[PDB]
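In what follows, a single structure is set out as C-alpha cells and then discussed.
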Amino acid sequence: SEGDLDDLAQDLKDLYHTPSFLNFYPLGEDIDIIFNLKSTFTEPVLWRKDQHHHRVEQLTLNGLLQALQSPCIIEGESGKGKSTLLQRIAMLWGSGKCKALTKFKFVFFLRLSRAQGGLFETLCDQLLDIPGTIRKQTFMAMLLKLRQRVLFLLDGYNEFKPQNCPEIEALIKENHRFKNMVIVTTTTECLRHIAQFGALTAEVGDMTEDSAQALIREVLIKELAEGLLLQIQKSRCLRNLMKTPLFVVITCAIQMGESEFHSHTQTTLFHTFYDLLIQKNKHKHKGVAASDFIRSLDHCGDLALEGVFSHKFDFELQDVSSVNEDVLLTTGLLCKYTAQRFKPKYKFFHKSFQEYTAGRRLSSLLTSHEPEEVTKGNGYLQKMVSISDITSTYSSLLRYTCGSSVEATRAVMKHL
Amino acid sequence: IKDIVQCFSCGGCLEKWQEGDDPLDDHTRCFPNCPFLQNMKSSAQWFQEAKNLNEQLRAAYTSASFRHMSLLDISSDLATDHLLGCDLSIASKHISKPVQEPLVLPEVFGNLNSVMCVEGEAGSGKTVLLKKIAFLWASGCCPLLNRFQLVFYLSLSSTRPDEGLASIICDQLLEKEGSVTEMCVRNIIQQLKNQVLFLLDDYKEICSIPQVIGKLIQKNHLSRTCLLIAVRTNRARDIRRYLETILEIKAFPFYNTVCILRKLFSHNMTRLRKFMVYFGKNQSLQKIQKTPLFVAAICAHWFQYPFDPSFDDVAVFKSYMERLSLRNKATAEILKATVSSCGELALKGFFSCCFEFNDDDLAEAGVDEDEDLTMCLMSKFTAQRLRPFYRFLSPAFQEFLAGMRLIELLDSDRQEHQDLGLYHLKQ
Ligand SMILES: Nc1ncnc2c1ncn2[C@@H]1O[C@H](COP(=O)(O)OP(=O)(O)OP(=O)(O)O)[C@@H](O)[C@H]1O
Ligand SMILES: [Zn+2]
Numbered sequence: 094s095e096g097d098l099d100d101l102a103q104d105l106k107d108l109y110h111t112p113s114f115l116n117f118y119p120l121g122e123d124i125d126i127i128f129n130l131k132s133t134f135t136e137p138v139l140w141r142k143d144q145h146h147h148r149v150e151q152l153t154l155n156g157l158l159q160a161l162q163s164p165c166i167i168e169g170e171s172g173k174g175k176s177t178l179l180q181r182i183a184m185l186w187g188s189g190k191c192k193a194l195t196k197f198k199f200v201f202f203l204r205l206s207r208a209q210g211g212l213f214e215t216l217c218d219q220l221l222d223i224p225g226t227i228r229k230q231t232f233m234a235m236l237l238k239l240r241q242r243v244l245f246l247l248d249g250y251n252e253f254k255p256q257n258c259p260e261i262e263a264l265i266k267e268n269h270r271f272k273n274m275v276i277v278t279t280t281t282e283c284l285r286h287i288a289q290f291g292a293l294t295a296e297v298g299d300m301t302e303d304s305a306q307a308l309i310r311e312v313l314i315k316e317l318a319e320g321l322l323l324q325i326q327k328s329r330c331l332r333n334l335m336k337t338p339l340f341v342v343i344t345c346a347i348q349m350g351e352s353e354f355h356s357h358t359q360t361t362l363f364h365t366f367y368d369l370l371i372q373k374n375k376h377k378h379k380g381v382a383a384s385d386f387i388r389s390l391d392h393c394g395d396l397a398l399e400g401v402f403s404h405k406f407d408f409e410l411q412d413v414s415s416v417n418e419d420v421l422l423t424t425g426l427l428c429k430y431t432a433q434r435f436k437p438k439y440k441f442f443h444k445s446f447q448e449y450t451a452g453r454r455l456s457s458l459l460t461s462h463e464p465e466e467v468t469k470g471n472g473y474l475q476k477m478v479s480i481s482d483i484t485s486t487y488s489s490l491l492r493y494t495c496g497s498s499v500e501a502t503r504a505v506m507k508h509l
Numbered sequence: 309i310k311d312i313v314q315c316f317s318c319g320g321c322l323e324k325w326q327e328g329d330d331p332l333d334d335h336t337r338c339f340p341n342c343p344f345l346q347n348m349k350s351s394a395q396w397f398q399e400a401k402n403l404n405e406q407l408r409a410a411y412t413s414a415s416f417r418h419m420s421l422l423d424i425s426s427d428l429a430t431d432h433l434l435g436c437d438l439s440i441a442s443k444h445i446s447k448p449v450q451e452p453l454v455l456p457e458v459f460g461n462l463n464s465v466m467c468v469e470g471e472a473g474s475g476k477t478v479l480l481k482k483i484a485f486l487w488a489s490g491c492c493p494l495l496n497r498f499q500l501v502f503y504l505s506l507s508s509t510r511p512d513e514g515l516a517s518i519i520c521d522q523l524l525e526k527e528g529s530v531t532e533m534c535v536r537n538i539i540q541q542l543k544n545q546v547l548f549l550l551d552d553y554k555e556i557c558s559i560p561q562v563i564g565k566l567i568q569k570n571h572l573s574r575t576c577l578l579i580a581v582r583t584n585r586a587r588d589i590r591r592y593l594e595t596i597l598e599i600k601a602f603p604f605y606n607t608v609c610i611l612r613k614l615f616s617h618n619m620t621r622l623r624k625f626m627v628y629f630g631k632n633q634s635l636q637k638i639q640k641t642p643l644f645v646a647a648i649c650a651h652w653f654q655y656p657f658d659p660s661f662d663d664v665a666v667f668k669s670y671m672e673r674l675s676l677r678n679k680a681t682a683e684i685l686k687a688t689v690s691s692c693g694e695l696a697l698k699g700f701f702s703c704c705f706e707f708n709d710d711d712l713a714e715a716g717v718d719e720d721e722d723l724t725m726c727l728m729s730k731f732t733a734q735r736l737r738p739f740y741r742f743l744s745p746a747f748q749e750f751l752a753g754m755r756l757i758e759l760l761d762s763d764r765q766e767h768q769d770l771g772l773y774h775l776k777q
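This is the structure:
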C-alpha cells in the first residue's frame with residue numbers, strides 16, 4: 094500500500110521535528126537541565142578505526158553518511174556524552190537539509206534499551222502508533238526494496254539483551270535479510286561483538302574548542318559566559334579538560350541560575366563531577382551492598398594514590414583485581430579496554446582526574462578518626478621530602494588534598 | 309440574579325428593577341455621568399454530531415454559572431461581571447536558552463499551536479485565565495479564537511486514568527450522560543485536529559491522567575490537537591519535555607489591585623485614599639499584593655468594616671491566613687503543623703537575612719515539600735538549575751510568619767520550645 098508508505102514516511106519526518114525528540118537531558122533525568130539537539134552538540138569528531146590501530150583521520154557527518162558500508166558500529170568509551178549522534182542523523186533526514194541522506198525513504202530511530210518482543214512491536218510502541226493497515230506482516234514484504242533506501246539507527250546496544258527480542262539480535266547479526274543500512278551505538282565492552290562482524294568501526298573522539306565555546310555561549314546568560322570564557326584562557330588545565338563533554342556541561346551547569354560569575358577553583362569542578370558520577374547510577378549500584386560500594390570506591394582511591402607515587406596511570410586488570418571491578422565500571426570511575434593494543438586494563442577518566450581521586454583519598458585518610466587510617470595518610474606524606482619533587486610530581490596531588498579539607502591542609506603544611 | 313439589570317459601562321445597579329419604568333431614564337437618573345449615556349446624548395455524520403456538541407458547549411460557557419467565576423469570593427449574588435477587566439502579567443520563557451519576553455493576550459491567542467503550558471504560584475489566577483478563554487470563544491465576539499470549533503474546559507482533579515473523553519465531558523461540561531459517545535468523540539478529534547482546543551486544569555502528574563488525554567500529550571503529532579495545561583511551579587517537571595516555550599505568570603501589578611478596590615468600594619474614599627498614600631511611600635510593600643489571592647484577602651476584610659476610615663497594613667496577612675482555613679482544611683495536625691514548621695523556617699531565615707532556602711535547610715525545619723498547604727505559603731523552583739531552591743511568597747509575608755512563630759514560642763508552656771523564643775528575641 095503506497096498510501097500507507099507515504100503516510101509512514103511523512104510521520105517519521107514530522108516526528109523527528111517534535112520537541113519530544115529534541116529535548117535532551119545532558120546530565121540525567123534527575124537534574125532538570127534540558128538541551129535542544131538543534132543548537133547543542135552539532136559537530137562530532139569521528140575516527141575510522143581499524144583493528145584498534147586507529148589508522149585514519151577524522152570523518153565528519155555527511156561524509157560518513159556518503160561513505161556508507163554494510164552494517165556499521167559507532168563506539169564511545171565508558172560513558173562520556175550520550176548517544177546524541179544517532180538522533181542528529183534522524184533530524185538531518187527529517188529536515189532534508191543534507192543530500193547525503195536524500196536517497197533514503199525511511200529512517201527509523203530506535204532505542205534497544207527499551208525494546209522487546211519483536212520489530213513490529215518495537216516500532217509501533219516506541220516510534221509511531223503504526224495502524225493495522227501496515228502491521229499485517231506484509232510491510233517488510235513490500236518494503237524489501239529497502240536494501241538501499243532504509244536506514245536503521247540503533248542506540249543502547251550495551252543495554253540490550255538478545256533474549257528480550259531475538260529478532261533484534263538475529264537482524265543485527267545477519268543483516269542480509271534486508272541488506273539495509275544499519276548504524277548501532279555501543280561501548281568499549283562491546284568490542285567483543287564489534288570484531289566479530291568486520292563492520293566499519295567509528296570512534297567518537299573529543300570536542301573542538303569551537304564546540305565547547307558554542308555551548309557556553311548558547312546555554313548560559315551572557316555575563317557568565319563572558320567570565321567563563323576568560324577563565325578558560327588563563328588555565329591550561331581547563332583548556333584540555335573542556336575537550337570532554339562531561340567537563341563542559343558541568344562547568345557551566347554549576348552556574349546556571351546564578352547572577353554573578355565565580356571562578357570556583359578546579360577542585361570543586363571535580364568534586365561536583367565526582368558526586369554526580371557516583372549518584373546518577375545509584376539505582377543500578379543497588380547490585381552491590383552499600384558497604385561494599387564504599388569499599389570499592391575506597392579501593393579505587395587507594396589505587397589512584399598508589400599510582401601517583403608509582404608513576405603509573407594504567408592499571409592492568411590484575412592490578413585492580415578487586416572483584417567489584419563491575420561496580421567501578423558501572424560507576425564510570427574506570428574505563429575498560431579489551432583491545433589488542435589495550436589488553437584487559439583500566440584507565441581513569443583523565444590523568445588529572447586520577448590525581449583528584451588520589452587527593453580525595455589522601456585527605457579522607459588524614460582526617461579519619463581511626464589511627465590506622467591516619468598512619469597510612471601520614472605514610473604517604475612522609476615520602477614527600479624533596480623540594481624538586483614537591484614542586485613537580487606531587488604538586489597536583491597536594492593541591493587536591495588541601496582543597497578537599499582544612500584538616501588535611503593542616504597535616505600537609507606541617508609536613509611541608 | 310433574580311432581577312438585577314447591570315450596565316456594562318458602570319457596574320451593578322437597578323436592584324429590584326422598578327416595575328413599569330424606562331431603563332434610559334432610570335439609568336440616567338441613577339448615574340448621570342455614565343460615558344455611554346453621554347455618547348448617546350451627543351449622537394458527514396461526525397460533522398453534524400460536532401455541530402450539536404458545539405452548541406451545547408457554547409451554552410455551558412455563557413451561562414450565568416460559568417460567568418461570575420467566583421472572583422474574589424464576593425458572593426453568589428452581587429454581580430461581578432464588571433470585574434473581569436484585569437489581566438495577568440504574562441512572559442514567555444524558553445526551556446533551553448535563558449531568554450524571556452513580555453506578552454499581551456492578543457499575542458498569545460494567535461500563537462496557540464500544539465502543547466503549551468501556563469506556570470505560576472498557587473493562587474496566581476491560572477484557573478480564571480483558562481475559564482476566561484473558554485468564555486471568549488463561546489461568546490463569539492473575539493475573532494482570533496473563532497477558528498476553534500470545539501473548546502473543552504476540564505479539570506483533572508480526580509479523574510481516573512482509564513476514563514474516556516465522552517465519560518469526562520459528559521460529567522463536567524454537559525448536563526446529562528448523553529449527546530455524545532466515545533466513538534463519536536474520537537471520530538471528531540481526528541477530523542478537526544487543529545480546530546480542537548483542550549484546556550486542562552489541575553494537572554498533577556503524567557501518570558494520573560486519562561489514557562485518552564495522555565496520548566494527546568506524549569504523541570501529539572498524529573493528531574495535532576491543541577492543548578493548554580496549567581500547572582504549579584511545584585511540579586512542571588513532567589511536561590517540560592514536550593514544550594518549546596512556557597508561559598509564566600508574573601507578579602500581579604499594583605495598578606490592578608487599585609482598580610479592583612476602586613470598583614468594588616469607593617463608598618469610603620477616605621480609606622482608599624490612605625491606601626494609595628501608604629503604598630506610595632513604602633515602595634517595596636507594593637510587592638505584598640503579588641498574588642490575586644491577597645487582593646481577595648483585602649476585599650474580604652473591607653466588606654466587614656465598610657465604614658471604618660483607617661488602613662491596617664497587616665490586615666491582609668491576618669485575612670489571608672484565615673481564608674486559608676476555608677480552602678481544603680484539616681486544622682488538626684495539618685494546618686497547624688504546616689504553619690508551625692514553615693514559621694520555624696521563616697524565623698531562622700529572618701535572622702540570617704536568607705530569604706532563600708535549599709533542601710537541607712527545609713528538611714531540618716520539618717517542612718514537607720509535597721504537602722498541599724505548604725504551597726500556599728511557599729513556592730519551589732526547579733527551573734534549569736543544577737539544584738532546586740525554595741522561596742516564600744513575597745518576603746514581607748516571610749517576616750509576618752517569622753513574627754507569628756516567635757509569639758508561639760514565647761507563649762508555649764514547654765521549656766524546651768519556650769527558651770528558644772528568648773534566644774531569637776535577644777537577637
Ligand atoms: N482577574 C482577576 N480578578 C480578580 N481576582 C482574580 C482574577 N483572577 C484570579 N483571581 C482570584 O484567583 C483565585 C484562583 O487562583 P488560581 O487561579 O491560581 O487557582 P488556585 O487557587 O491555584 O487553585 P487551582 O489551580 O486548583 O484552581 C480566585 O479565587 C480569584 O478570586
Ligand atoms: Zn452606566
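Chains B and A are the protein sequences, given in the same order.
Each step along the first sequence adds one to the number in PDB author numbering, with nothing skipped, and position 205 is 298.
Per PDB author numbering: the second sequence = residues 309 to 351, 394 to 777.
All residues carry an ideal CB built from backbone N, CA and C; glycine is no exception.
Near ligand 2, residues with a Cβ at less than 7 Å from any of the ligand's heavy atoms are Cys315(A), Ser317(A), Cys318(A), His335(A), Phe339(A), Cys342(A), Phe344(A) and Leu345(A); the list follows chain order. Under DSSP, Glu168(B) forms a beta bridge with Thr279(B) and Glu296(B). The C-beta of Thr531(A) comes no closer than 9 Å to any C-beta of chain B. With a 10 Å radius around the Cβ and a threshold of 16 neighbouring Cβ atoms, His376(B) comes out exposed.
Per the coordinates, the alpha-carbon of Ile684(A) lies some 10 Å from the alpha-carbon of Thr724(A). Think of a sphere of 7 Å around the beta carbon of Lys447(A): the chain B residues whose beta carbon falls inside it are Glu311 and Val312, in chain order. With a cut-off of 8 Å, the C-beta of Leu422(A) is classified as near ligand 1, since at least one heavy atom of the ligand falls inside that distance. Annotation: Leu495(A) to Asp218(B) spans about 35 Å, alpha carbon to alpha carbon.
At least one CB of chain A lies nearer than 9 Å to the CB of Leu221(B).
If you ignore the 5 residues before and after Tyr109(B), its C-beta comes within less than 6 Å of the C-beta of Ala183, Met184 and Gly187, all in its own chain and listed in chain order.
Between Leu331(B) and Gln359(B) a beta carbon distance of about 7 Å is seen, short of the 8 Å cut, so the two are scored as contacting. Between the alpha carbons of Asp763(A) and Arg673(A) lies a gap of roughly 28 Å.
Assigned with DSSP and collapsed to three states, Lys443(A) falls in strand. Flagged as an interface residue toward chain B: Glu594(A), by a C-beta distance shorter than 9 Å.
At a cut-off of 9 Å between beta-carbon atoms, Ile347(B) makes contact with chain A.
Here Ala382(B) is exposed. Its C-beta has fewer than 16 other C-beta atoms within 10 Å. Between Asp512(A) and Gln568(A), the CB-CB gap reaches or exceeds 9 Å. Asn155(B) is the residue among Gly210(B), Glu214(B) and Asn155(B) whose C-alpha sits nearest the C-alpha of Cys191(B).
A straight line joining the alpha-carbon of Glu766(A) with that of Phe707(A) spans about 25 Å. The count of Cβ pairs closer than 8 Å, one atom from the segment 473-488 of chain A and one from the segment 322-329 of chain A, stays below three, leaving the stretches out of contact. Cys428(B) has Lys440(B) as its beta-bridge partners, per DSSP.
Chain A has a Cβ within less than 9 Å of the Cβ of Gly350(B).
Secondary structure note for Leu577(A): its beta strand (DSSP E) is the uninterrupted segment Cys576 to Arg582. By the Cβ neighbour-count rule, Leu458(B) is buried, with 16 or more other Cβ atoms within 10 Å of its own.
When Cβ pairs closer than 8 Å are counted between the two stretches, the segment 227-247 of chain B is seen to touch the segment 269-276 of chain B, the count reaching three or more.
Comparing C-alpha distances from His443(B) to each of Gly472(B), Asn129(B), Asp407(B) and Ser206(B) shows the shortest one belongs to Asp407(B). Contact annotation, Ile589(A) with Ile556(A): C-beta distance approximately 7 Å; criterion of less than 8 Å satisfied.
Assigned with DSSP and collapsed to three states, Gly328(A) falls in coil, not helix or strand. At the C-beta level, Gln162(B) and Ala292(B) come within 9 Å of one another. Counting C-beta pairs closer than 8 Å gives fewer than three between the segment 317-332 of chain B and the segment 97-107 of chain B, which falls short of the contact rule.
A residue is called buried once 16 or more other Cβ atoms fall within 10 Å of its Cβ, and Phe344(A), having fewer, is exposed.
The C-beta of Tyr493(B) has 16 or more other C-beta atoms within 10 Å across all chains shown, which makes the residue buried. In this structure, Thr215(B) places its C-beta atom within 9 Å of the C-beta atom of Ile261(B). For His571(A) against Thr195(B), the beta-carbon gap comes to about 22 Å, at or over 8 Å, which does not count as contact. In this structure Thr450(B) is not in contact with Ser498(B), their Cβ atoms being roughly 15 Å apart against a cut-off of 8 Å.
Look at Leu572(A): its C-beta is under 9 Å from a C-beta on chain B.
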